[PDB]
Amino acid sequence: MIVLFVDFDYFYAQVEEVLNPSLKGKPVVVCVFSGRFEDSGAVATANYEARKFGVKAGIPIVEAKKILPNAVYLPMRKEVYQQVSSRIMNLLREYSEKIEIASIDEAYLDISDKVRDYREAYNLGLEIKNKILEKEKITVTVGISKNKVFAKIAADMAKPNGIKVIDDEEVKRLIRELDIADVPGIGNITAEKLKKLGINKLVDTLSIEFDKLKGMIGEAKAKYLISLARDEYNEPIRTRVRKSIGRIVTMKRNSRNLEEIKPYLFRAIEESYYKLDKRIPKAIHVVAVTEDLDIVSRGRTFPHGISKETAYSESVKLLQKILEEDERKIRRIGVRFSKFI
DNA sequence: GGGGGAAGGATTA
DNA sequence: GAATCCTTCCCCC
Ligand SMILES: *[C@H]1c2c(cc3ccc4cccc5ccc2c3c45)[C@@H](O)[C@H](O)[C@@H]1O
Ligand SMILES: [Ca+2]
Ligand SMILES: [Ca+2]
């Protein structure tokens with residue numbers, strides 16, 4: 001299997017740079033202004049000019065303005081990015097039927113039946129970068145290797161506007177030398193447990209009692225890392241099927257008053273139902289973000305599809321169960337639908 | 001024992 | 001911006 005992964009560079013920010021060329025060169029920051037006060041909210045992403053100074057995805061807008069008070073701050077325009085993303089994804093389908101769209105700006109192509117070696121794969125990578133640059137003027141980074149994980153790692157090492165191949169030999173080298181925290185799917189919580197077990201490389205997972213690893217990070221995570229360590233990871237590139245769809249809305253002020261929360265809840269339902277677009281869910285979950293930012297959720301699965309009216313009455317029951325079983329004030333209230341027919 | 005499915009919390013980019 | 005993962009609990013052959 002030969003996998004080719006594409007990751008659009010600082011995507012949201014780059015799309016804004018494309019719709020407004022004067023932004024190129026300056027530091028650009030795309031935000032999600034929450035609506036609580038003056039500049040409440042967080043940074044969704046920033047271009048490299050801004051990242052040079054520590055302004056990156058995740059930090060509060062307030063902090064970003066203390067680092068770069070003069071950068072360009074743009075409100076996120078998700079619909080526009082999604083549209084551009086759809087177009088670029090269509091460019092990608094002309095290079096392979098087997099394609100896995102992982103997120104708004106990441107996709108995996110199984111090009112095993114299109115190239116004979118990594119040299120041909122690397123050239124197809126350039127072709128793709130050129131085509132996207134030609135049609136949409138967006139630079140992306142290509143990663144290529146024997147499987148999805150290494151193709152992704154390959155792109156992480158080469159971004160921005162890069163391209164890299166990780167042949168079978170370098171895979172073996174990385175299995176011994178790559179910091180295990182840089183492996184896709186290993187986030188902080190998992191990385192800290194591996195450090196506290198003396199595991200810093202994938203290879204280290206081969207010399208520990210399985211049950212001890214499975215006990216600290218879970219069976220799936222353990223089998224996953226072990227299979228990568230043994231150079232036996234080969235998950236196929238499959239089509240992604242959206243499994244849940246929802247919306248959560250931040251309330252004007254945190255509350256525990258059902259009648260005060262209702263309007264927001266119902267808004268989340270209306271939005272979600274639109275997003276569903278012809279999809280009929282059998283399951284619904286009301287999701288609450290408490291004042292201390294913890295997440296409490298209550299759901300229900302029906303034996304038939306949920307109609308909007310049913311979603312209305314059921315979400316209220318579910319909201320009370322949350323209010324009943326938890327005493328904290330609610331900050332954000334939302335809904336999530338799943339188990340489509 | 002384990003296939004099968006529902007539910008809630010954990011974890012991730 | 002949200003979505004999937006993972007672990008536990010339980011019906012039933
Ligand atoms: C948006 C938000 C937040 C946390 C996460 C955590 C992990 C994610 C993995 C993949 C996609 C994704 C999209 C939005 C996310 C994610 C992820 C919150 O910190 C934030 O409040 C928003 O909900
Ligand atoms: Ca990206
Ligand atoms: Ca990590």
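In what follows, chains are A, B, ... by sequence order, proteins preceding strands, each numbered from 1. All values below were derived from every heavy atom in this structure, side-chain atoms included, with hydrogens, water molecules and symmetry-related copies excluded.
Separating the CD atom of A/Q82 from the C1' atom of C/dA2 is a distance of 13 Å, rounded to the nearest angstrom. Put simply, CD on A/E235 is 17 Å from P on C/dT4, counting in whole angstrom units. The CD atom of A/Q83 sits 16 Å away from the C1' atom of C/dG1 (whole-angstrom rounding). Whole-Å rounding puts the A/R242 CZ to C/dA2 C1' distance at 8 Å.
A/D156 has a carboxylate O that lies under 4.0 Å from a charged side-chain N of A/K152, or vice versa, which qualifies the two as a salt bridge. Note on A/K195 versus A/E192: no salt bridge recorded, every NZ/NE/NH1/NH2 to OD/OE distance being 4.0 Å or above. Salt bridge status for A/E169 with A/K172: absent, with no side-chain N to carboxylate O gap under 4.0 Å.
Shown for residues 331-341 of chain A: residues whose heavy atoms fall under 4.0 angstrom of DNA chain B, namely A/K339. Residues from residues 246-253 of chain A lying near DNA chain C, meaning a heavy-atom separation below 4.0 Å, are A/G246, A/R247, A/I248, A/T250 in numerical order.
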Base, backbone or nothing for each nucleotide of nucleotides 8-13 of chain B, written B, S, -, heavy atoms under 4.0 angstrom, 5' to 3'?
-> SS-SSS
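Taking the six-membered ring where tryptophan is involved, the planes of A/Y81 and A/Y12 are essentially parallel, since the angle between them stays under 30° and well short of 60°.
The only member of A/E106, A/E100, A/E235 that meets salt bridge (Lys or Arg N to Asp or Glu O under 4.0 Å) when paired with A/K148 is A/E100.
A donor-acceptor contact closer than 3.5 angstrom is absent between the side chains of A/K146 and A/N234. Checking A/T141 against A/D9 by side-chain atom types alone, a donor-acceptor pair falls below 3.5 Å. Between the side chains of A/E17 and A/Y10, at least one donor-acceptor pair of N or O atoms lies under 3.5 Å.
Among residues two or more places apart in sequence or in another chain, the ring pair (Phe, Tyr, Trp, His ring centres under 6.0 Å) test is passed with A/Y224 by A/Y233.
Residue A/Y12 is in base contact, counting any heavy-atom pair closer than 4.0 Å across all strands shown.
A/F5 belongs to a hydrophobic cluster with A/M1, A/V3, A/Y108, A/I237, counting contacts under 4.5 Å between side-chain heavy atoms of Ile, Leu, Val, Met, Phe, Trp and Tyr, direct or through other members.
No N or O donor and acceptor, one from the side chain of A/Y81 and one from the base of C/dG1, sit under 3.5 Å apart.
Identified under the salt bridge (charged side-chain N to carboxylate O under 4.0 Å, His left out) test for residues 307-326 of chain A, with sequence neighbours left out: A/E270-A/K308, A/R298-A/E325, A/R300-A/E314, A/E314-A/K317, A/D326-A/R328.
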